[PDB]
Structures are given as structure tokens and as C-alpha cells.
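Accompanying notes for the structure given below.
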Amino acid sequence: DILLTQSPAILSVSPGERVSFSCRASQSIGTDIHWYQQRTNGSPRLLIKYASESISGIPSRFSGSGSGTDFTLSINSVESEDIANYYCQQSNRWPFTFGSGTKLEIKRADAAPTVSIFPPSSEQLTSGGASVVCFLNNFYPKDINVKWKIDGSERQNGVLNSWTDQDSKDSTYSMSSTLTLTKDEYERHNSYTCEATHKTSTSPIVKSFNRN
Amino acid sequence: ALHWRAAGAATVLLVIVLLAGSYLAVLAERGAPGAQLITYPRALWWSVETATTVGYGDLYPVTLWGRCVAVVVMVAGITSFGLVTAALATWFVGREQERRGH
Amino acid sequence: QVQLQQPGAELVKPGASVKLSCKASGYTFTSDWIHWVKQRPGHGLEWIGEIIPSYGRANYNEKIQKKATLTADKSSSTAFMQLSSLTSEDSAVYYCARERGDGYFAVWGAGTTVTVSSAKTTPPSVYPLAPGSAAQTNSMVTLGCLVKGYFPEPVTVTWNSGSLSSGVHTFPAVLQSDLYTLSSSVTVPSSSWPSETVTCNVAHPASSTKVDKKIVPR
Ligand SMILES: CCCCCCCCCO
Ligand SMILES: [Co+2]
């Protein structure tokens, strides 16, 4: 049963360059290979059928080549919306099989995060809990550190972090950091501070609010 | 004329067998690992290949029911060729014997 | 129009059984196949099986453990995948796709997120995230909302019922003590808010709830 090997598993490219995804089959399959794009949280979308045949409504910069056992998807002039997983699939022999995928990552210019801190909501406090939310937005590269201080002193407990995949809108990354407390624990402190340390600057970017 | 009636029928039955043949092959062969006779366009080419006996061997059924289909296609092609040839002989023989006054 | 319709979510208990559906529309031919494909979070696509609905014949990936059974209703043109005796290895997004008997999947459904767990369905609490009174600004303002304590995944979060899509990130959920929480972020021009309205719509399919939450200044 036909094995499709995709190399490499991650492809890092610069905006505007021509990129090429590989797909090697375990035996000769003519040109019976099709390509799919799957963006973050989206479903797959057919890009190229039968090694090189274009699909209607797919940008003219996607093309395909190959025959037998060696197949290539190319993108001319890569751009942000191209950030995605790419799969090949064969229909030469039963059963149909998929490759394991190649992720496209774009190397953009360095960008500092935009930091925003948000006080607990009236409605959440009512419910008897309080979440302080910090957003670190549109930064490059992905490596970033967040620090929480309550009233000048570092906090580590109750802090949950989430990081987005690379953005298909601008090739950046974002992270959110959520400190969750009871209303009681929240009521007996004054200032909450979120600190972001990133490659783009010596000094951390800092955002705080007073409960009063 | 019986012979043209027969030759006409067989040629319509042949086209029908080639089309149903393509459909049935794919249905019979999907499910069987290594089967290549598994999409309709190539399966229809396969059917023509088979009915004519042209023997490329680029595609063939690997299953019992694919192979049964293959045989019905062969026999339909073979039968319709024999009926066309026999009709052409009947035509020529009756025309030669009128070309002799007989 | 949307060619293949699937439910957003299905929660299933370990050992239990679920029947997924895939309603079709658009051009239909008696030669069409419906395929099912499984994706575990962070992983690749995996072919499960296929059915020719206008003949009832189904074929399965014999290289994996057989959890699926495929059926079709030709009058409502729905494809069904009966998944049975599920463990947590069976938690994944299951897509259906349409093939015109020519080898490629032209159209796909949006997928059904199947979660296998004993834990219980919980709609989310949506709380606004407007800036504090002290926060200064430039040409742009960041707003958000906090989707908390839901089960299972997924939630879909829109801004102004889809019209506002530039400058939005929804962060992945974090699971703690059998409940999911996430935030969604939106950025708009400073001048435009609160002049022009900003609202997050939060659909959670597993509980059948879609709640709206407007973002007003504190
Ligand atoms: C003589 C023709 C045999 C019919 C084969 C139909 C395919 C059955 C599928 O399993
Ligand atoms: Co005589």
C-alpha cells in the first residue's frame, strides 16, 4: 500500500521566494497525485490534481510537477496566506493514501509585541471569579516570555498561557496569558502587571491596571 | 436485413457493455489492495482495450468480479466483431451473386 | 453554496457509539463516492473508508482497527459513519469528502469534532474585555472577549457576526479540570470605537448555544 513521503516536515522560507514541497511515492504511480492545503482550524482544499493540473479559483502561483515516484508542489512568490500544512494524496492503487504533510513557515522581519492588559469583567466578578487577561500580539520571532506581578511582586501560580500558530494574515505570532483568581483573592490586591520580554527590545514591555 | 439488424444491435450492446463495464470494474476492484482499475475514466479505456484485445497490460482486474466483468466485455467485443464480419460477408456474397445475374 | 454539511461536535463516552452525518448538495452523480478522513489534533489526514451511496457498497482502511461502518440515505442524500466502542484514541476531527470517481477530493465538509470522555457538556461563559480607565492609545484599539468553562471543543468566535475579520486572533483553548477556556482578540481603529459597535458572537455546537456579547467602555 503506497507510502508517500513528504520532505521536509517543515519548510521555512522568505516572503516572495519560490518554495517547493516534495512528495516521494514508494512505487511508480504515473501522475496520480493530488495536493491539498489545510490552514489552521480549516478543512483541506484541493490545489492541484494529477500532479500538475490547475484547479479553478486557486492562485496562479501554485503549480505542480513530477511523474512516477517524485512529485513537487511549487509556490511562486510565497506570501502570508500560504502559511499552512500541505498534503499529497495518491489515487493510483487501492487504497488511496495521504502523505504526512509539510508545514510552511514564513520568515518575516522582526516585530515587537503589542501588549494589552484587561481587568476582570463586572459579570465575571458577579460569578465569584476573576481573570486578568494579557494579549501579546503580532510579534516576530515566536520566542517570547510573559511575567505577572501583583503589587510589585512576581506571580506564577494560576497563570495559563496559549500561543497561536503563525498568522496567515501577516506572518506574526500572538500569545495570551490569563491569571485566574477568586474574587476574594483579587479584591485584596491593588495593581496587576503583565510584562513581556522579547528579542526586539532590551527592556520588557509592561502593562498594568489598578483595581481601584 | 437480419445481418444488419444483428450487427447494429451488437454494436449498441457493445457500447452499453463498455459503459456498464467501466462502472462495474471500479465497483468490483475498489476494496482490493493493489487494484489499479479503480477510477471511471481509465476503467473505460480499460474496457475498450479489453473488447478489442489490444493487450497493453497497463490495467487489468485483480478480483473475481472484475475478471468476470472483463470476460463479458471480451465476449461482447468478440461477438460483435464476428457479427459485423458475418454481416459484411452476407452483403458482399449477395451483391456478388447479383453481379453475376444469379 | 456549502456542498457537504456536517455537525460541529459530538461528545461520546468511553465504550459508547456515535453515528456521524454528512449531508450533500450541488451536482450529484450515481458515480460519486463519499470518503471519511480522520485527523487527530496536531496530526495528519488518515483515510477511513469510502461508500458509493447509489449502490450501498463500502470499503474500509484495512490497515487500522475497524471502528467505522458506512451507510447512506439516497433520498435525503446523507452519508453516515457509525463509529462504535470508542476510546480516547478515537478523539479527532472526522471529515467527509466527495469524490467523482476520479481519485481526488474536490469538496470537503467542515468536520465533526468527536471528543471521547466521561466529562459533561457545559456551555461557555462569555465575558467582555475592554481596556481599563488608565490605558492610553494610538491609532488603534485592542478589544477581546473571554470564553470560559466549556466542554467539549470546539467553539467558533466571530466579531460582528463575521463582518469584522481583519485584526482578529482566537487563541487555542487550554484544558483544566475537564473544562476549556480561551480568549479572542480584535483590533480596530481608535476613532471608530465605541462610535461603531463591536460584538463577539460565540457559537458552541455541542450544547447548541450561540451567545452574543457587546464590548462597551468600562
Ligand atoms: C458478470 C458481471 C459481474 C457483475 C459484477 C458487479 C460488481 C459486484 C461488486 O462487488
Ligand atoms: Co442459387
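Don't overthink the numbers, they just go from 1 along the chain as shown.
Determination method: X-ray crystallography, 2.4 Å.
Backbone N, Cα and C define each Cβ position, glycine as well.
If you check Swiss-Prot, you get these features:
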TRANSMEM  B:6-28  transmembrane segment
TOPO_DOM  B:29-39  topological domain 'Extracellular'
INTRAMEM  B:40-50  intramembrane segment
INTRAMEM  B:51-58  intramembrane segment
MOTIF     B:53-58  motif 'Selectivity filter'
TOPO_DOM  B:59-65  topological domain 'Extracellular'
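Within its own chain, the topological domain 'Extracellular' (B:29-39) has Cβ neighbours under 8 Å at 46, 59-63, 66, counting only residues six or more beyond its boundaries. Cβ atoms under 8 Å from those of the topological domain 'Extracellular' (B:59-65) belong to residues 24-25, 28-29, 31-32, 34-37, 42-43, 45-46, 49 of the same chain, restricted to positions at least 6 beyond its ends.
Across the motif 'Selectivity filter' (B:53-58), DSSP helix (H, G, I), strand (E, B) and coil residues number 0 helix, 0 strand, 6 coil.
For the topological domain 'Extracellular' (B:59-65), the DSSP counts in helix, strand and coil order read 2 helix, 0 strand, 5 coil.
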